[PDB]
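Here the structure is laid out as structure tokens; the discussion comes afterwards.
Laboratory data are not the source of any read-out in this text; all were calculated from the coordinates shown. A quick note on method: Cβ atoms are made from the backbone with ideal geometry, for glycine too, and the neighbour counts reach across all protein chains shown.
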Amino acid sequence: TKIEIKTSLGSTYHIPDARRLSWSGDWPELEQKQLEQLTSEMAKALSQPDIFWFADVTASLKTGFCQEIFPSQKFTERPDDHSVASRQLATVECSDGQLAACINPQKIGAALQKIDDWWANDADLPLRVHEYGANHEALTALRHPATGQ
Amino acid sequence: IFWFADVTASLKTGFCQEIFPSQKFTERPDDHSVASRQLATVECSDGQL
Amino acid sequence: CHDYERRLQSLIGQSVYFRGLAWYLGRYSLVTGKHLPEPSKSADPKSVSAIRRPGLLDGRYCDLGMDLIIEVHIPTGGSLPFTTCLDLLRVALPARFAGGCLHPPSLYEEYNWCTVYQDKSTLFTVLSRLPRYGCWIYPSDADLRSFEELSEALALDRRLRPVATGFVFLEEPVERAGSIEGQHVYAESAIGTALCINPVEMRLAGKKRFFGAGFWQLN
RNA sequence: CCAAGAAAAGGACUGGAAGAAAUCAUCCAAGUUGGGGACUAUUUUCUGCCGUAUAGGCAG
DNA sequence: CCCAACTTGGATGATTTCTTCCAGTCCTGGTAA
DNA sequence: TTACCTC
């Protein structure tokens, strides 16, 4: 997997191979460095007004012969017809009129904000930020009101 | 037992003798442009029929 | 138009005011289905570690591609027609539109998406070049007082569409507990109409009709 | 100060079995394309020598 | 460059259109005593 | 702490 980023300030970043970068650990040289530079652009954008910033993120995937792809799924009613699909996938209309597979904005978003490893003084894996510390995999909550957290 | 046979025959013919291949099953046309009797063919790997 | 005006006004010391706003439609795609709400509601207030879903609504959503032509006016005799102001016009641009998310054209193919004209002849000439499959939306003249009158008007034309136009008051503004800011009033939705005009029709109508009829305002 | 402000639809699959479109059938008759004409112009390739020599090499 | 561009007689007959058994869930409401 | 209902 290769990742490439351009921004409105003229910078460009390139990860030659993203498959090994962990949450916890230390990155290889000429990768750790790009993380520092990107951090600076964003740290500013987040807090100082009157700066226009805009980013364009592309990636490439090397695949198998006929590999299956997993786009976002729609939320639906059960059809009563038996001629209508029970599992329907999300697509986007292209400028030429054809449809293409896509991933929804809020699904990209939920991934980007998965940064909370501040709970219970034991980092584990990070959670999607939520007022109550919701844990979807275990169907529970890590900052239950009863704890004061 | 994986048994195969390969059968070939040769026909010695007349000068321009007519040949009788299989016909297709069709419905009565009304366009007056399509043949009323249509014959079955195959396509070769090079495009010839 | 107004949230955009307020943001720009906090950046430029001079008074800036928007008389009119125009709307053009290049792409319109209907999206099926409905959004799932975040689990923001505890199943029980105390002694329970289960999270419930607030409820579900049935709405309709779409993706747009559109251009805007805003009539910008500066009260002061001396104006600021400079690169600095073009940057400030890019910064002031809101991120929210019609409940959805608004973005500029993609970076890898960027051109000057934020130009300014002080000539009707140059601006109209460039606008006549737009693709034939798009729509300009114009204000209508007809007065309708019922759905039956609307049915007849829509049967006769092919360019006429109903639109939501604003609100009609049920009472005079008063002070009321729970108001976000100042006075509060109840209202019912106002249903009105508009026309859909092809780029080919204004190539022929001329700049005179376009700048007289093609711009919308409040009141 | 945009029916305002925030939102992860996710998980599992094995439609298979058999088959025969045939019989005949005829596109014919005549027919008139046809009379005229500047590619050379303000262009460059001219004069001697070696050599049995319209071979093959050199000075202007 | 310049002038023309075609009439006519006609366009099918027989009988048949298949079968077996199935059709999944689960989390997602206010209101009162 | 319990149940009651829209073609």
Enumeration of residues in the range C:11-46 that are assigned to a strand (DSSP E or B), over 30 Å from A:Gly97 (Cβ atoms) and in contact (Cβ under 8 Å) with a residue 60 or more places away in the chain:
C:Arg19, C:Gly20
For the range A:29-49, state whether one or more residues are at positive phi, away from chain C (no Cβ under 14 Å) and not polar (S, T, N, Q).
yes
Sole exception among (1) among the acidic types (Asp, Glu); (2) surrounded by 10 or more Cβ atoms within 10 Å (Cβ to Cβ); (3) within 12 Å of another protein chain (Cβ to nearest Cβ) for A:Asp116, by number
(3)
Pick from the range C:61-76 the residues that are surrounded by fewer than 12 Cβ atoms within 10 Å (Cβ to Cβ) and of a type in the set (A, V, I, L, M, F, W, C): which of them is nearest to C:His35 (Cα to Cα)?
C:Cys62
Restricting attention to chain B, report how many residues are assigned to a loop (DSSP other than H, G, I, E, B), surrounded by 10 or more Cβ atoms within 10 Å (Cβ to Cβ) and in contact (Cβ under 8 Å) with a residue 12 or more places away in the chain.
4
Of the conditions (1) assigned to a strand (DSSP E or B); (2) surrounded by fewer than 14 Cβ atoms within 10 Å (Cβ to Cβ); (3) aliphatic (A, V, I, L, M), the single one that C:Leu56 does not satisfy is (1)
So which of C:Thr76, C:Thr84 is assigned to a loop (DSSP other than H, G, I, E, B) and more than 8 Å from every other protein chain (Cβ to nearest Cβ)?
C:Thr76
For the range A:73-113, name all the residues that are over 30 Å from C:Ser106 (Cα atoms) and either loosely packed, with under 12 Cβ neighbours inside 10 Å or in contact with a strand residue (DSSP E or B) (Cβ under 8 Å, 6 or more places away or on another chain) (or both).
A:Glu77, A:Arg78, A:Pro79, A:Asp80, A:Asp81, A:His82, A:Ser83, A:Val84, A:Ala85, A:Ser86, A:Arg87
Contact list, first residue from the range A:66-92 and closer than 23 Å to C:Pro37 by Cβ, second anywhere and among the β-branched types (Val, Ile, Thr) and more than 13 Å from DNA strand E (Cβ to nearest atom), beta-carbon distance below 9 Å, six or more apart or interchain, is A:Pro71/A:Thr91; A:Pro71/A:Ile103; A:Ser72/A:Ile103; A:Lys74/C:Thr32; A:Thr76/C:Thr32; A:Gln88/C:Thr32; A:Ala90/A:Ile103; A:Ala90/C:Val31
Scanning the range C:18-30 residue by residue, those within 9 Å of another protein chain (Cβ to nearest Cβ) and out of contact with any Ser or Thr (no Cβ under 8 Å at 6 or more places or on another chain) turn out to be C:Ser29
For the range A:94-149, how many residues are within 13 Å of the chain's Cα centre (by Cα) and on the phi > 0 side of the Ramachandran plot?
0
Among the residues of the range A:65-111, which ones are closer than 30 Å to A:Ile15 by Cα, in a loop (DSSP other than H, G, I, E, B) and within 16 Å of RNA strand D (Cβ to nearest atom)?
A:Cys66, A:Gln67, A:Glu68, A:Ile69, A:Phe70, A:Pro71, A:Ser72, A:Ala90, A:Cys102, A:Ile103, A:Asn104
Among the residues of the range C:190-217, which ones are within 21 Å of the chain's Cα centre (by Cα) and either of a type in the set (A, V, I, L, M, F, W, C) or on the phi > 0 side of the Ramachandran plot (or both)?
C:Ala190, C:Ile191, C:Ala194, C:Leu195, C:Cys196, C:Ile197, C:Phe210, C:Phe211, C:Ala213, C:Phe215, C:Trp216
Just to verify a result, which residue in the range B:17-28, among those that are within 12 Å of DNA strand E (Cβ to nearest atom) and charged (D, E, K, R), is nearest to the other protein chains (Cβ to nearest Cβ)?
B:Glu27
How many of the residues making up the range A:121-149 are surrounded by 15 or more Cβ atoms within 10 Å (Cβ to Cβ), free of Cβ contacts under 8 Å to residues at least 24 places away in the same chain and within 16 Å of RNA strand D (Cβ to nearest atom)?
9
Condition (residue is in contact (Cβ under 8 Å) with a residue 40 or more places away in the chain and of a type in the set (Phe, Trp, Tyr)) applied to the range C:138-160: is it met by at least one residue?
yes
